[PDB]
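The next block holds one structure in the form of structure tokens; read it before the comments.
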């Protein structure tokens, strides 16, 4: 159809892992017949059926993954809400109101999927209609907002917003004396996926958000100019993989009524994190308790240079970790974190901000 988005055919910035050992161009090589404008899930799956052929799919308005039909149970939700994005695909939202609800976008490398760009779209985390009761311990929600799985490499998430939105956790009901959790993870990157860049995005209002690894020598993820607002934990929590996080904004409250801030970085098995010029504005978090932003699990590699906590340069080098030593293969400009920069990144973060 018609190319209406000015930014649709641009590829990932040369900065980031998604541009290492190959560039991430999505469907920029698409022919005129592989340019779409989709308004619903049927039109969306039809355009995606173009397979591994370069495709540009422009999202107009709200895409209700459920197709206006509520999921009857787990089986129904499992069969209808998971939309696979194939190789060489660019999903770019039009305007400021392009969004997805009631489902998950899946980049599955089982068919060899790689070279995917998801941009300028709001993904409201799906609600699991039938959570499973865990071993005497609360309810377990099953669905993601976005999952990168099975060797899927070269993925660029830019100006995307992921949020609980219309249904935040303060609205959870309790069943059998336990909170009926219907939200899962926000973004999961696992199973040997690799070469990913997440930029100018916003994760707003969510609990367990970003889990990387779930491997040795894979999972390279770069994150810059993103905002993590009222996010309980994992921004991200990594294992078997190195992440490069610089010039991001984390805003929370260690005593928030709904998404009480726990930590941002989770250092797991063979996981490494290079943090630089990040802004941490966490209410109820004492300057002497700054190492709370980094939580160790089974990993040991963690380094931070130039990050701030509540407006003051913080020293997160004595938190109990070994230095990040591997080199970053690409050049990048880490800007000094100031009140001005943190505010500007907050203005720019998320969908509708292209």
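Swiss-Prot numbering applies to chain A: residues 33-246, 254-393, in that order.
Method on record in the header is X-ray crystallography, 2.1 Å.
For all residues, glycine too, the Cβ spot is worked out from N, Cα and C.
If you look up Swiss-Prot, you'll see 174, 176, 216, 220 marked as Ca(2+) binding site, on the strength of similarity to another entry. Among the features that Swiss-Prot reports, active site is placed at 273. If you look up Swiss-Prot, you'll see 330-358 marked as disulfide bond.
For the recorded site, residue 330 (disulfide bond), the DSSP three-state label reads helix.
Flanking an unmodelled run of 7 residues are residue 246 and residue 254, whose Cα atoms lie 9 Å from one another. Secondary structure at residue 220 (Ca(2+) binding site), as computed by DSSP, is strand. Of all the recorded positions in the record (176, 220, 273), the one with the smallest CA separation from residue 358 (disulfide bond) is 273. All protein chains included, residue 216 (Ca(2+) binding site) registers 24 other Cβ atoms within 10 Å of its own Cβ. Within 8 Å of the Cβ centroid of the Ca(2+) site, not counting the listed residues 174, 176, 216, 220, the chain contributes 136, 173, 175, 177, 179, 217. Within 10 Å of its Cβ, the residue among the binding-site residues 174, 220 with the fewest other Cβ atoms is 174. A gap of 26 Å separates the Cα atoms of residue 330 (disulfide bond) and residue 216 (Ca(2+) binding site).
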